[PDB]
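Consider the single chain below, provided in structure tokens and representing the form deposited in one PDB entry.
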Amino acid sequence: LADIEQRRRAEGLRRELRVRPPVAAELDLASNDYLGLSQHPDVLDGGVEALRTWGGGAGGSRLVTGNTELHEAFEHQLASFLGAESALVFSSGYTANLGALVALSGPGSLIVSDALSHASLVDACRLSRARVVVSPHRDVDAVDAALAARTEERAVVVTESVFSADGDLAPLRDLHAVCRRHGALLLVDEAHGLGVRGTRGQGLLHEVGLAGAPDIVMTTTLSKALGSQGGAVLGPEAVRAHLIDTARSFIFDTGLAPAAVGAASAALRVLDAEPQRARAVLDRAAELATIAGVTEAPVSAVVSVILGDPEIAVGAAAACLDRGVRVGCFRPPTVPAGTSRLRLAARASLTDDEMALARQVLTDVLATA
């Protein structure tokens, strides 16, 4: 009942408030539309055409024909682009993670999940009803130790390829080595890897040479680089079939709107035709990092700018905002108490003029902090 109301008290008095409305007007360095494809003309046209062809939403789930030919065609397109045999779309990356992790583990199995994991995967781990071990961030030897000592026959090692927290890279090859050595599955969330890592933006798995691996399952969102909505699970065909019969986050879920599928497919075609875009987001990231005084070269789209106390940094975010530039802002308790930071999300579609605005605003705001 009213229990809600002073668990407003506790976060009314304390540093947190929600939320805000836009309508396209200023410079956004906080979105994860890494390739700027969300508002690309061709993506808009693809979503519109798909919408006019199939209508709004669909109807049920599938094993032969519930949704559409559109979904399958896109699944094959994405799978072909990423080097996997099969793909299956979900309503979101969240539900894709739920479905995949639940279907590939279950009771009596082991899940080894990186500590800095997005959730998405914590809820998936809970929903899986498997034994969950949380291993230290990118600690390969810890994972190996967990896998070697297990009594459960079936094991899944879960990690992000590019971490949502700091944008750092996971040691996918080493992890896959320990996985194969102990007969474990490797499940990698490439939400921040797709369109960013790889010479052509195929993700970190493809970049480090693990595309098409028989014991690797990949998940990703369609809402970042591919600038749309929805999720996808990719891997060997058997994985897709298994998902089709068993996945409570897929059979009960009405799936993905045709418009989102068309937009994602178009975004994929533009990305495939323009590999330079994937380099462009990294280059822009580097530019932002140089503007912000960050010495560490960006390995992903997002640049973290650690300032310190949670009120010079929020002040920096407010000054940036009042000068037409919205940036990301992490503070306690989302991050450790001494590391309140700004977060700069690069996009491949950033023009030199927009970068000039960012340069002015960020230079001035940061110089006085």
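Here, rigid core means the biggest group of C-alpha atoms that superpose within 1.5 Å across both forms. The numbering used is simple: start at 1 and walk along the sequence shown.
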Task: Stretch with the greater mean C-alpha B-factor as recorded in the entry, comparing 226-234 against 150-158 - done: 150-158
Open item on the list: Going by the mean C-alpha B-factor recorded in the entry, which is higher: 296-304 or 57-65?
Closed with: 57-65
TODO: Compare the CA B factors listed in the entry for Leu37, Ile312, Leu344, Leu51 and report the winner.
DONE: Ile312
Open item on the list: Between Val132, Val281, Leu210, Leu243, which one tops the list for Cα B-factor in this entry?
Closed with: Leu243
Task: Modelled-residue ranking by C-alpha temperature factor, third containing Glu75 - done: lowest
Open item on the list: Can you tell me whether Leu194 has a C-alpha B-factor in the lowest, middle or highest third compared with the other modelled residues of the same chain?
Closed with: lowest
TODO: Could you say whether, by C-alpha temperature factor, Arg200 belongs to the lowest, middle or highest third of its chain?
DONE: middle
Open item on the list: Ranking every modelled residue in this chain by its Cα temperature factor as given in the entry, which third contains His118?
Closed with: highest
Task: Relative C-alpha B-factor of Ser265, binned into the chain's lowest, middle or highest third - done: lowest
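One more form of this protein should be noted, the form deposited in another entry, which is absent from this view; the next part is about it.
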Task: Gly55 C-alpha moves between the shown form and the other one by 2 Å or more, core aligned - done: no
TODO: Verify the C-alpha shift of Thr65 between the shown form and the other one: is it 2 Å or more after superposing the core?
DONE: yes
Open item on the list: Closer or farther: how do the Cα atoms of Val64 and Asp215 compare in that other deposited form versus the shown form, where the change is at least 3 Å?
Closed with: farther
- [ ] Work out the direction of the Cα-Cα change for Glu75 and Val64 in that other deposited form: closer or farther than in this form? It's 3 angstroms or more.
- [x] farther
